[PDB]
Each structure stands twice: as structure tokens, then as C-alpha cells.
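Since the structure comes first, as C-alpha cells, the remarks are kept for the end.
FYI, it's all coordinate maths here, none of it is from the lab. Here Cβ is always computed from backbone atoms with ideal geometry, including for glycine, and neighbour counts include all displayed protein chains.
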Amino acid sequence: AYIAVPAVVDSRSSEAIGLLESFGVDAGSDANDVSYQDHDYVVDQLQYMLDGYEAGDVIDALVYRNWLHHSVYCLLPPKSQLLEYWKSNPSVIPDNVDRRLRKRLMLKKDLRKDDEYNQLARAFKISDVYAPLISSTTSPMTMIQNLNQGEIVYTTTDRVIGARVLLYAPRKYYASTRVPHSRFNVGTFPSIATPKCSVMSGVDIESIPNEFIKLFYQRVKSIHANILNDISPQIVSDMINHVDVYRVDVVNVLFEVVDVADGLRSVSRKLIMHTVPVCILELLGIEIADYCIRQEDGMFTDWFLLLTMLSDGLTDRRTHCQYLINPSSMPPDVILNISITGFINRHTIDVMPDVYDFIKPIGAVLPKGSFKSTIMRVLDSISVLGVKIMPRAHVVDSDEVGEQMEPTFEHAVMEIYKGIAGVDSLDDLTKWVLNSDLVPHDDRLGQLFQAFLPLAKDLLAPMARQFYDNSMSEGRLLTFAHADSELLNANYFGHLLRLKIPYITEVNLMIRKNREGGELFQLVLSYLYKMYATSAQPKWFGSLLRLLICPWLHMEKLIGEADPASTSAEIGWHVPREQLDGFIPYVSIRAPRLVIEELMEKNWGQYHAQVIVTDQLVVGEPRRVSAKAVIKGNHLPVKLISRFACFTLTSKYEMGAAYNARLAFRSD
Amino acid sequence: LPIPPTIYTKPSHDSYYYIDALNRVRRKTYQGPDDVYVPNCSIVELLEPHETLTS
């Protein structure tokens, strides 16, 4: 039997990962009948052959391939180097060539001037000696039938697909550079070749991570959709019957919105919720029964909030559109009770984003009405292995750059009404800009934005430059702010993560009390930030919290029982001499024993900086004093930490003049 | 034609430069942000004579 999954499979590591269990297939006996087939080389040959041909020819060739019938290529030297390989060691010559040319290959004479060997070599062609001989320009449909029929196939080019490629001659002759199957074979790239070939249902084409497997499966569903064999995970389970971090199992829940407000059951809305991690659902004990997501004052129950912030946005089931819930308790619609029905897919994603390359600060961009103080209070109370994940002591609020100025920016843009001709009061301005529907007019926003842009370009940007430079000097921090061009106009070093909450912000604006000015002014100001920013498609907020929280749970499952001394580590700057030993924390690491004993001998002595220590010790208990460190050369890459260890992202610099220190590793 | 005497006597250069918070050497602007260029002052003091060109 043949089954096709949406993952890169190998014969080696895919069983140690537990890949079918990671899709949800229950094969718990481990009767080792599911033999694997490595597909690294066919994915790489797919990568190489999408250079040369059309993807239509490529995929429609690759589909009709019996993966059970073993075959292998053997590519050749070029036509005027193959005779040179036949000249030395004349014993390795097939019996097909010519008795007139064999006698002329096998002799000892140098054949410098060729009077008839020239003719015998020019009239020679490879096509009458080696029978397949695919070509260089073969229209690669026929490659697959050539490999299905035979088992050794001769070729003269590199861009082939389907099997491994063995060399005919030794390596100095070129100018271009069996398997155990036990009847339940699984591995990607489906086949229409034989009955008993199956394709795994479950995960959508929309949510496949490799994008070449996703391109392939999009084509194999856009044609051939009637003749496939889609089977569920449970049908696969019935047919059967260096631990990595940053790879979570992930599902989507299928809840709905219900009221019991009159003592009667009544279903109102229909929702789905994408990419929630499995470990958090195992933590919270989430099951099918009726849940309530409000507690005692209208605020969400601090686990539903973590669930919604942890994943991406919602989606309606009837309209297939994006959905944003009402945070306010005032209904055109509210959600008081829900009921969770089922889980739909079980793929895996890389939690680590592509943009994260070096150890540098993180700049998050949110709109105004995001749940800032509440999400900070929730992430404050997490401490996995003795270390706090995201402390409050080095996270930067959005208005912290605005409150340090002496005309105190919000108070400065309260005074915008005097420049406008006919408003001459703040309450009259907030009445005039709006419609009395709270969607504003575009022309009032245009006039106020022309009045607002010199306040945000001149009187904000150099103060922001000084502030973010000071915050980069005193450690590696995480800066919440608004309107991402606030991070683009002011030259901000570090990562940039445009984010978006899954809730409606603009009603969240006017619920809060004792904020700055009237709430209508806060909402107008929020609209001005939103008009100010960009046109870039941001993200959802879920990726950053998945990165913050979900890798530490796998490390808690892994090394929750070993010793802190031999499974903890610490890295930072180190100055040799002693005057009135010096060490500043830079990053802390939790890892098992073998990973740290691999970490010790890496070349941590490449990077250097300038280290400045002042003498203002602070409220913390051990004898450590605040300091400053400014990196000079290159930045620390994350591969030089690991893929396997789990480190803290952001921290402070706490231990006078400059010192010119170099960083090193320390552990027990 | 007359030459003013204020060319030959120019003050010291220590008040024109400062240090940024990231240890960047940048100069202090007095007249506009386009005043970021070489001052005209006081070269005789930070100097050591040549070994055979004594002047």
C-alpha cells in the first residue's frame, strides 16, 4: 500500500519524530511495518528541474510514478569524453558498440592523427549503444515511463527526477557538478499509478508550509480530483490496525456562539478558529462541553484571551470571511457562552519566523485599541524553568516615548484645534469630525491629517531617535508602539513585526475610563495613527506569542526533571582585569546535557564590543549594578545558539569607564 | 585690500565635538543642522614634530 502525506519524509528521522502520530494517525503498537521512503532527493530534484521546464510538464510527469518499482539513473560523461574514458581501461566496454570501433579502442597506439578513427568517432552516436538515453531536451513526461518500465536508465543530463543519480565514470570525467518496503509504505508525492495508492485527507492545501509540496498538491487537486483516494486519519489508523523545539503540533477549533439568556438553548453564530497550538489546549483542559468566556465584570476569562491572542484571526463558516468579536458588553452582538465541537487538522509549523536571523531587539507594531496592559499582565505571570519569559522590566509601552517630551505629545495634539479655522474647541472638533455615526468623514480627516503630519514628523522623530537609541544602549528590549512608520521614520534597529489583534479595536477605545481627554478624542487620534502608518499587510498577533510561549513548554516536558546546574547556561560579556571578575548577562539558555556540552566548544570568541559600567546599583538583591553595552562588529546569529536549545529573547545589561570586553560561555 | 585679523586667532576645538549615547563621535551644531563640517581652529597643539624636519 502507498499513502501520501504533506511533509518531507526520510527513512531516518521521520520515525524518530513520530510523523503519523504528528498527523493524528494512531499507530501505537510500533509493529514497524510502515516503511518509509526518503524524499529529500526528489524534492531537491524538483527544485532543480523547476529551473528548466514548465511546472505543468514537471508535475504532470511526476504524478504518474510508481514509487514501489525500484529504479535508478546513471548519467554519462559527454560524447567527447566518454571515448576517453573508454580508451583507458578498455575492459569496461559494452558489447553493443562496433567490432570496428572496439578494435580501434582497445589498441595501445596513441591515435594522434585520426584518418578513419575521426570518421568512426564522428559517425558514432550514443543512441544505438545505450537504449533509453533520455536526452538533454527530452520533454520530461517520458522519463517517468522509462523509469517505471526498466530499472537502470541511461541519461546525459542533470535535470532528471524520480530516483537517485549515480555516476558512471569517476569524478574527473565531468563538467556539470534494494530499499526495504514492507507493504504499508508512506511518503509524499502521490501517485495515480496504481490502485491501492492513497492520499491523506485532513489539512487544507491553504495551510501547507513547504510551498513546493503545496504547489504540487494544488496541481494534483486541480486536476485528477475525481480519481484520488482521500482517507481520514481514522481510516489510516484502521488500515494499520536530539528532540527539536520550535515545531508545535497545531489544530483548529470549531466552536459556535450560543445564548442561554432566557433559559432556552439557541445557536446564533458559526465560527472557526485557526492555528491554535495543541500544548496549550492540553494545558487548559479544553473539551467539548459548554464554556463561558466572561467573568463577573465583562472582561474575558484570561484563558480565552490567551487562546485568541495566541493564534491568528477568526473566520465565519457561512460567509468565509474574517471575523472580529465585540470586546464591549453592549450588544448588537455579544458572546457570553460558546460550545466547542471538534478539531479539523493536525499539521505542524515552524514557530521560528524567517525574519528572525540575529540576536537583536524586537519592534512590535499594534493599533491603539489593542489589549496592551492586559496582555502584558498575562505574560508577566509566566515563569517556566525558574526564568521569567517576558518580564515587564524591559518591555516598552507605546506612549513611553510620547510622555517624556515636555509638551507631552498627547497634550500637544490636543492643541490642534486652534490652527483649524472654524472649530475653536476640542469638543466641537470631536463633534465636527464625526458623522454621529462613529465612522468619520474623509475630508475632515484629510484636513486634520494635514494639520497633524508636521506634529508627527518634526516634533516626534528626533526625540524618538534619541529614545530608541537610549533603549538599545541599555540592553536588548521589546518596544510596543503604533503606526509602523513611527518605527520607520525614526531609524529603529532591530526586528520589525507588524501585528494585528483579532478583536475590534475601535469599540475597545471608548469603553475605558479616566484615559487622556475625552474618549472621542482618543478614537479620533487612533484614526489619525491608522491613517498615518502604511499600506503593508501586517500579520496576526499570534506568531509572536507562539514564539514567546510555545517553545518553553516542550523544554518543560523534556528537561522538567533534570538538574538546574547541568542543564542551565549563561552567556555574556567578560572583561579580564580587576579594578574597582566582571560579567554581564546577555542571554540565558535551557537545554539538556548533550546540547550544552555541544555548546561549550563553539567559537564564542569572535564577537566583541564596548562595555560601559556605571555605579548606580538598584533595588535587586545580589550585588549587581546597571551598565551599558554597545555592540561593534557583527551580530550574534541564532544558528550559533541552536535549533534545539531554548533561550530568552530580550534582557537587560546589569553588572567606571569603557572596557572593550569580549563575550564567553559559562555553565556548570 | 584689507584682511581682517580674525582669521589667525581661532579658539580651541573641544567645544565643537561630543559623544553620542552609542559612542558615536558626532559634532555639535550651533547654527542650523547643516552646520556639520570641519571647524577652522587650533591645529598647533595636538601635534608632534618631525624627526629631521624640525619646523
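Below is a table of values for the structure above.
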| item | result |
| --- | --- |
| Separation of alpha-carbon centers, chain B and the range A:413-440, rounded to whole Å | 52 |
| Spacing of the two label points (7 Å from each Cα toward its C-beta) at A:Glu621 and A:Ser373, in nm | 3.0 |
| Sorted by Cβ neighbour density within 10 Å, fewest at the top, the residues A:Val619, A:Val245 | A:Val619, A:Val245 |
| Inter-probe distance in nm under a simple model that places probes 7 Å from Cα toward Cβ, at A:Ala16 and A:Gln295 | 4.2 |
| Prolate/oblate/rounded label for chain B (Cα gyration tensor, a/c 1.5) | oblate |
| Unit charges at the beta carbon, dipole of chain A: most positive-side option, A:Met510, A:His69, A:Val625 | A:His69 |
| Cβ-derived FRET efficiency at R0 22 Å, B:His13 paired with A:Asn470, nearest 0.05 | 0.25 |
| Dipole-positive endmost among A:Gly605, A:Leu547, A:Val575 within the range A:531-634 (Cβ charges, Cα centre) | A:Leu547 |
| Spin-label proximity, A:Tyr356 to the range A:269-288 - amide N less than 16 Å from point 7 Å beyond Cα toward beta carbon | A:277 |
| Partners for A:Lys632 among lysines (Cα-Cα distance below 25 Å; same-chain residues under 8 apart left out) | A:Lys360, A:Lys602, A:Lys652, B:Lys28 |
| In order through the range B:21-36: 3J(HN,Hα) via Karplus (6.51 cos²θ - 1.76 cosθ + 1.60), integer Hz, x for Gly, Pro | 5, 10, 6, 8, 7, 10, 9, 8, 8, 10, 10, x, x, 7, 7, 10 |
| Rounded Å value of the spacing that divides the Cα centres of the range A:606-668 and the range A:297-320 | 38 |
| Relative contact order of the range A:391-506, pairs being alpha-carbon contacts under 8 Å that are 6 or more residues apart, as % | 34 |
| Cα gyration tensor shape for the range A:227-345, rounded if a/c is under 1.5, else prolate or oblate | prolate |
| Contour excess over end-to-end distance, with Cα ends at A:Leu324 and A:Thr534 and 0.36 nm allotted per residue | 73.5 nm |
| Value of [θ]222 nm, deg cm²/dmol, for chain A, DSSP H segments ≥ 4, -39500 (n - 2.57) each, nearest 500 | -8000 deg cm²/dmol |
| Percent of C-alpha pairs per 10 Å bin, the range A:79-186, short to long | 10, 37, 31, 15, 5, 2, 0 |
| Förster radius 56 Å - calculated FRET efficiency between A:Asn491 and A:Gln234 (Cβ-Cβ, nearest 0.05) | 0.50 |
| Dipole magnitude (debye, nearest 20) for the range A:539-630, charges at Cβ of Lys, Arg, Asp, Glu | 440 |
| Cα-projected label distance for A:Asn89 with B:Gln31, points at 7 Å along beta-carbon direction, nm | 8.5 |
| Two-site FRET efficiency, A:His441 against A:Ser381, from Cβ-Cβ distance with R₀ of 41 Å, rounded to 0.05 | 0.40 |
| Potential extension, A:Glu561-A:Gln404 segment - 0.36 nm per residue separation minus Cα distance | 51.9 nm |
| Contact order relative to length of the range A:273-339, as percent, for alpha carbon pairs under 8 angstrom and 6 or more apart | 41 |
| Neighbouring partner chain Cβ atoms per residue of B:19-26, average, 10 Å criterion | 4 |
| Partner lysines for A:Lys103 [C-alpha distance under 21 Å; skip if fewer than 8 residues away on the same chain] | A:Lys79, A:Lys87, A:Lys113, A:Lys125 |
| Rounded, prolate or oblate (a/c below 1.5 giving rounded, otherwise prolate when a/b exceeds b/c) for the protein assembly as shown by Cα gyration tensor | oblate |
| Of A:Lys388/A:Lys513; A:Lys388/A:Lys500; A:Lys530/A:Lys639; A:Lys172/A:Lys639, those spanning more than 27 Å from alpha-carbon to alpha-carbon | A:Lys388/A:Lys513; A:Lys530/A:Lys639; A:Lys172/A:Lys639 |
| Whichever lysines have a C-alpha closer than 19 Å to that of A:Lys196, once near sequence neighbours (fewer than 8 apart) are set aside | A:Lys221 |
| Amide H partners (placed H, <5 Å) of A:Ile231, local residues excluded | A:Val199, A:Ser201 |
| In sequence order, calculated HN-Hα J values of the range A:63-71 (Karplus, 6.51, -1.76, 1.60; Hz; x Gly/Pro) | 5, 7, 10, 5, 7, 7, 6, 6, 8 |
| Residues A:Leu640, A:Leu599, A:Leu366 arranged by fewest to most Cβ contacts within 10 Å | A:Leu640, A:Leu599, A:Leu366 |
